[PDB]
Amino acid sequence: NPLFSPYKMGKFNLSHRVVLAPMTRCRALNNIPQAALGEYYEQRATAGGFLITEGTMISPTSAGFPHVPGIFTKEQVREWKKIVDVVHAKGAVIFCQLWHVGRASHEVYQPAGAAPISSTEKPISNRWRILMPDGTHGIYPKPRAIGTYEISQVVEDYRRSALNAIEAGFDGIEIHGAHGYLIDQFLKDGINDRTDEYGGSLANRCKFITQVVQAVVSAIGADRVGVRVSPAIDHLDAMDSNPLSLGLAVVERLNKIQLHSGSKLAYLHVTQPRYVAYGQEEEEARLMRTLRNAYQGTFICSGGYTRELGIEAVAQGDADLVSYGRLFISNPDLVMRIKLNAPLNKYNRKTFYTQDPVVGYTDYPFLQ
Ligand SMILES: Cc1cc2nc3c(=O)[nH]c(=O)nc-3n(C[C@H](O)[C@H](O)[C@H](O)COP(=O)(O)O)c2cc1C
C-alpha cells in the first residue's frame with residue numbers, strides 16, 4: 001500500500017503519506033488556542049505523521065470565522081506551544097497554517113467594526129453567506145482595497161506570525177493562498193480588478209503571493225515553508241478565466257524562489273475540485289498532475305480523497321502526500337483505519353464549527 005511507504009519531506013522522515021488537512025473548527029475561543037485543540041491534534045497525531053493546523057490568524061483583521069486561533073500575540077504563542085508539545089510527543093510533524101481571509105469577513109470580526117481589506121472593493125456576492133458568532137449566517141460587506149504600503153504591512157504580519165510559529169515550536173508554516181481568501185483575491189482575475197502593479201497580468205497577480213512567500217522564507221527558511229493554492233476552486237466567487245494557466249504561473253514563481261533562495265520549500269499543497277455525476281485521465285486529474293510535474297519539489301494533493309483515490313495518487317506518481325479533511329474530522333485514527341482498510345465513521349456537519357471542546361470535536365470514537 002503506497003500510502004504507507006516512507007517519504008522524506010525535507011528533513012522530515014514521514015512514516016506514511018496520510019496528512020491531516022488544515023481545518024477551521026472554531027474551538028479556539030476568542031482566538032486563544034485551547035486545550036481542546038491539544039486533545040484534538042493529539043488524537044490524530046501518529047509517529048511519523050504530518051499534521052497541518054486549522055487556518056490561523058496573522059493579525060487582528062485576518063479572521064472571517066468565530067473563535068479561530070491566532071498566532072500574532074505572545075499569549076497565543078504560549079498556548080500553541082503546549083499543543084505543539086503534545087503532538088511532538090507522539091512523533092508527529094506539525095505545520096501552522098497562516099490565514100488571512102481578506103474580504104471574506106464581516107464587521108463583527110473586525111476591530112472597531114471596520115471594513116475587511118482586499119485587493120478590490122467588490123464584495124463576495126450574496127450567493128455566499130458568512131458564519132456569525134451566534135451560529136446564524138451573515139452578509140459579506142464591501143471590502144477596502146489596500147495600497148502598496150499596506151500590502152507590505154500585511155506581508156510583515158505573515159512574516160511576524162511565521163516567526164511566532166517557529167517560536168511556538170511548529171516545524172513550519174503553510175501559507176494559505178487558496179479558497180478565495182486574501183492571497184487568492186490577488187491571484188484570481190475574477191476578483192483582482194486592480195490597475196497597479198498587483199493586477200492585470202499573471203506576473204502582477206502573482207506578485208502578492210510571491211512577496212508573502214519571500215518574506216517568510218527569508219525569515220525562517222524555505223525548508224519550513226509550505227504553500228497552498230487552489231486555482232480550480234471558485235469558493236467565495238474566486239474564479240479565474242484560466243485555472244491551469246494561473247496555477248502554472250504560481251508554480252513558476254515558487255520554483256524561481258527556490259532557485260534564487262538556494263533551497264526548496266517544504267511543499268506545494270493544492271486543493272482540487274470534484275465534479276458531480278449520477279448515482280456514482282480527465283480534465284481535473286490532468287490539471288493536478290500538470291501542476292505537480294511543473295513544480296520542483298514535494299506535492300500534496302487534497303480535495304475529496306478517499307482511501308482508494310489516495311493510494312492511486314501515490315501509486316501513479318500524481319502526488320507525494322495526500323491530505324484528508326472531513327474523514328479526519330470523524331476519524332481520529334484515520335491513518336490506522338486506512339492502513340487496515342477498516343470502516344470509517346461518518347462526520348456530522350452540524351458540529352463542524354460549534355464551540356464545544358468535546359462534542360463533535362474529540363468525541364468521535366477510535367477503532368475497537
Ligand atoms: C470543516 C472544514 C474546515 C476547513 N478549514 C480549512 C482551513 O482553515 N484552511 C484550508 O486551507 N482548508 C480548509 N478546509 C479544506 C480542507 O483542508 C481540505 O482541503 C478538504 O477537506 C479536502 O477534502 P475532504 O474533506 O474530502 O478530505 C476545511 C474543510 C472542512 C470540511
Side-chain angles (χ1 to χ4, degrees), residues 55-59 61-64 97-105 110 115-125 128 140-162 173-218 225-257 265 268-271 291 295:
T56 302
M57 297 172 70
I58 66 174
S59 69
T61 58
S62 62
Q97 181 181 256
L98 300 187
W99 183 38
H100 193 303
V101 298
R103 71 178 190 175
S105 188
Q110 295 297 321
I117 59 169
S118 185
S119 59
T120 182
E121 276 190 44
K122 191 195 181 315
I124 292 172
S125 76
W128 306 92
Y140 284 105
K142 167 191 300 181
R144 164 172 69 79
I146 66 182
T148 297
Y149 174 63
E150 202 173 335
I151 280 170
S152 74
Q153 297 188 120
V154 184
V155 172
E156 179 60 24
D157 288 330
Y158 275 105
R159 202 188 82 79
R160 204 174 278 68
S161 290
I173 59 87
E174 177 178 89
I175 292 300
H176 190 332
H179 311 159
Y181 292 112
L182 185 61
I183 291 180
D184 203 29
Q185 282 150 46
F186 277 86
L187 284 178
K188 302 286 175 55
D189 62 19
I191 299 179
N192 191 326
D193 58 357
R194 299 176 75 91
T195 48
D196 69 358
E197 59 169 356
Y198 284 94
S201 75
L202 285 162
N204 289 356
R205 288 187 272 134
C206 285
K207 184 165 304 174
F208 187 63
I209 194 170
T210 303
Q211 291 190 311
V212 168
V213 176
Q214 189 51 265
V216 299
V217 169
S218 291
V225 176
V227 180
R228 202 187 205 192
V229 297
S230 62
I233 284 182
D234 58 47
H235 180 232
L236 302 171
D237 302 343
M239 177 169 66
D240 193 88
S241 58
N242 196 332
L244 178 52
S245 175
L246 172 57
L248 287 178
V250 167
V251 168
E252 181 49 62
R253 304 298 183 296
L254 301 184
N255 283 342
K256 193 167 171 299
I257 284 166
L265 294 164
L268 168 55
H269 196 356
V270 182
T271 302
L291 303 175
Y295 174 67

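Just so it is clear, the values below take in all heavy atoms, side chains as well, and ignore hydrogens, waters and symmetry mates. Numbers for residues simply follow the sequence, beginning at 1.
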Can you name the closest pair of heavy atoms from [X] and [Y] and give their distance?
X: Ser105; Y: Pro141; answer: O-CD, 3.2 Å
X: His100; Y: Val154; answer: CD2-CG1, 4.1 Å
X: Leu246; Y: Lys188; answer: CD2-CD, 3.7 Å
X: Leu182; Y: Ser118; answer: CD1-CA, 4.0 Å
X: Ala63; Y: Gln110; answer: O-NE2, 3.8 Å
X: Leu291; Y: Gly247; answer: CD2-C, 3.5 Å

Measure the spacing between [atom1] of [X] and [atom2] of [Y] and express it to the nearest 0.5 Å.
X: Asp237; Y: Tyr140; atom1: CG; atom2: OH; result: 10.0 Å
X: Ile58; Y: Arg160; atom1: CD1; atom2: CZ; result: 10.5 Å
X: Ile117; Y: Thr61; atom1: CD1; atom2: OG1; result: 5.0 Å
X: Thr210; Y: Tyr198; atom1: OG1; atom2: OH; result: 10.0 Å
X: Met239; Y: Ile191; atom1: CE; atom2: CD1; result: 10.0 Å
X: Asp193; Y: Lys122; atom1: CG; atom2: NZ; result: 9.0 Å

Quiz prompt | With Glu252 via side chain to side chain contact (heavy atoms under 4.5 Å, CB included) - residues at least two apart | solution =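 Side chain to side chain contact (heavy atoms under 4.5 Å, CB included) list for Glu252, sorted by chain: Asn255, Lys256.
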
Practice problem: List in chain and number order the residues that pass side chain to side chain contact (heavy atoms under 4.5 Å, CB included) with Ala162, two or more places apart in sequence or in another chain; answer none if no residue qualifies. | Solution: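 Checked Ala162 against side chain to side chain contact (heavy atoms under 4.5 Å, CB included); matches are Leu98, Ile173, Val216, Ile220.
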
Quiz item: Between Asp184 and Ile233, is a side-chain contact (heavy atoms from CB on, under 4.5 Å) present by the stated rule, with each step listed?
Solution: CA-CA 10 Å; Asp184 203 29; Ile233 284 182; over 6 Å; no

Practice problem: Take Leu202 and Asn242 through the test side-chain contact (heavy atoms from CB on, under 4.5 Å) and record every step on the way to the result. | Solution: CA-CA 10 Å; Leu202 285 162; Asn242 196 332; over 6 Å; no

[X] side chain vs [Y] backbone, donor-acceptor pair below 3.5 Å:
X: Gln211; Y: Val155; value: no
X: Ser230; Y: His179; value: yes
X: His176; Y: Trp99; value: no
X: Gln185; Y: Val101; value: yes

Practice problem: Any chance you could lay out the side-chain contact (heavy atoms from CB on, under 4.5 Å) test for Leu236 and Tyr181, step after step, and finish with the verdict? | Solution: CA-CA 8 Å; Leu236 302 171; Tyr181 292 112; 3.7 Å; yes

Exercise. Only counting residues at least two apart or in another chain, list the ones meeting ring pair (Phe, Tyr, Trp, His ring centres under 6.0 Å) with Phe186.
Key: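 Ring pair (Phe, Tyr, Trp, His ring centres under 6.0 Å) check on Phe186 returns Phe208.
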
Quiz item: Would you say the side chains of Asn192 and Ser119 form a donor-acceptor pair under 3.5 Å?
Solution: no

Quiz item: Would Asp240 and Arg205 pass as an ion pair if we require N to O under 4.0 Å?
Solution: yes

Quiz item: Can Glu150 and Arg144 be said to form a side-chain contact (heavy atoms from CB on, under 4.5 Å), step by step?
Solution: CA-CA 11 Å; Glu150 202 173 335; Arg144 164 172 69 79; 2.6 Å; yes

Quiz item: Is there a side-chain contact between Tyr295 and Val227, using heavy atoms and a 4.5 Å cut-off?
Solution: no

